[PDB]
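Let's start with one chain on its own, the form solved without this ligand, as structure tokens.
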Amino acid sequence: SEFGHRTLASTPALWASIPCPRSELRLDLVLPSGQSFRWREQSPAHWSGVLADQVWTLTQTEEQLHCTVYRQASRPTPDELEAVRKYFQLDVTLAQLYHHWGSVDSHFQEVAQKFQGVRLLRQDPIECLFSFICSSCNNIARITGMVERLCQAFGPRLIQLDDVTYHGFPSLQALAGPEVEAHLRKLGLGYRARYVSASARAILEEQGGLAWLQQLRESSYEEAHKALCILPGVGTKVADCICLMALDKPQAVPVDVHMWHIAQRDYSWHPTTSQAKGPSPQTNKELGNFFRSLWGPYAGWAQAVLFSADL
């Protein structure tokens, strides 16, 4: 009982709750949907993972979000739950965002009704950078497996629940270390093992370390996007993922073949400027402008919602 992953109904004295309606958030729609890859539904409706350098389990009812942290056991403190608030960017009201997109997009109107609770996670820049560098020519199941082994290999050991040992995401110096590539290739990352290693070294040995990456949150989206592309293994898509998911740039719209199919089938979209009939540097850039023009400042979040509905 005092062992393994906890459940709201088996260790109540250790569960604090954050007032949150299921319309404002649906863990089952945001946690395993390709944003973060370190969340596991260890037990039904219960999600465990590393947040703010600690292991947590989250489960929700209808008006509450129940949280328990694994650091002397005791329910989460005020400051701790506040961290969870920040991670789920709760001050950002979805009821308001859905109303807006819906009123300017009749297609979002219908489709979005059945998929409330989809928001964007405010992740850490490094985790995003390397997680998303691994996303190349890949899928969520495979990315998750890769990222899981990468953290098992180079991440600080946090704690152990049942037969699961949690690790923090690797630091920059860890990934920049000698022979990390050879080691990551043994973990099946393929050519992605090269980009991880190079970007780790590039940031530390050319860009001015961690702080460089951080400062991008205070930079403009167009400025932050251009910065990230410098890094080896980081293209336009990954740059937009990092901008949208870790650099507080909600108007960033990562364009990929998926978004393309949603554009042609749901909006009869066609490229205007670019002469390429299909995806290309020009056309994808154009597609991104289309949705930012369509949904506005949060075109990135709108996309998330549409991607889920398309699942």
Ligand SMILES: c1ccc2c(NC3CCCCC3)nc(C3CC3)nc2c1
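From 1 onward, residues are counted along the sequence shown.
Asks: Count up the deposited residues without coordinates from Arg71 to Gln72 and drop the result into none, 1 to 3, 4 to 9, or 10 or more.
Replies: Gap between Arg71 and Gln72: 4 to 9 residues without coordinates.
Asks: Could you check which stretch, 158 to 166 or 106 to 114, carries the larger mean CA temperature factor in the entry?
Replies: Between 158 to 166 and 106 to 114, it is 106 to 114.
Asks: Out of 72 to 80 and 89 to 97, which stretch has the higher average CA B-factor listed in the record?
Replies: On average, C-alpha B-factors are higher across 72 to 80.
Asks: Based on what the PDB entry reports, which of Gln275, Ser48, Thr59, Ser36 has the top C-alpha B-factor?
Replies: If I rank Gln275, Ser48, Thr59, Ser36 by C-alpha B-factor, first place goes to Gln275.
Asks: Which of these has the highest Cα B-factor in the record: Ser131, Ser171, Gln123, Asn139?
Replies: Comparing C-alpha B-factors across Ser131, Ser171, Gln123, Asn139, the top value belongs to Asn139.
Asks: Of the three thirds of its chain by CA temperature factor, lowest, middle or highest, which one includes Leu25?
Replies: Tercile = middle for this residue's CA B-factor.
Asks: Classify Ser10 as lowest, middle or highest third according to the C-alpha B-factor given in the PDB entry, relative to its own chain.
Replies: Within its chain, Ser10 is a highest-third residue by C-alpha B-factor, going by the deposited values.
Asks: Test of reading the entry: by CA B factor among the chain's modelled residues, which third contains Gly190?
Replies: Lowest third.
Asks: Considering only modelled residues of the same chain, in which third does the CA B-factor of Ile230 rank: lowest, middle or highest?
Replies: Top third by C-alpha B-factor.
Asks: Name the third of the chain's ranked CA B-factors that contains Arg201, choosing lowest, middle or highest.
Replies: Ranked within chain, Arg201 CA B lands in the lowest tercile.
Below, we turn to the form solved in complex with this ligand, even though it does not appear here.
Asks: Tell me which stretch of 282 to 290, 43 to 51, 248 to 256, 61 to 69 has a heavy atom within 4.5 angstroms of this ligand in the bound PDB entry.
Replies: Residues of 248 to 256 come within 4.5 Å of the partner.
Asks: Verify the contact flag for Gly34: yes if a non-hydrogen atom of it lies within 4.5 Å of a non-hydrogen atom of this ligand in the bound PDB entry, no if not.
Replies: Although this ligand is absent here, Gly34 would touch it in the bound PDB entry, with heavy atoms inside 4.5 Å.
Asks: Check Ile230 for me: does it contact this ligand in the bound PDB entry (non-hydrogen atoms, 4.5 angstroms)?
Replies: Heavy-atom contact with this ligand at 4.5 Å: absent for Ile230.
Asks: Is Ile143 a contact residue for this ligand in the bound PDB entry, using a 4.5 Å heavy atom cut-off?
Replies: Yes, contact at 4.5 Å.
Asks: Would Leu244 sit within 4.5 Å of this ligand in the bound PDB entry, counting heavy atoms only?
Replies: Within the cut-off, so yes.
Asks: So this ligand isn't shown here. In the bound PDB entry, which residue out of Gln116, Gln89, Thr236, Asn138 has a non-hydrogen atom within 4.5 Å of it?
Replies: The option sitting close enough to the partner is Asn138.
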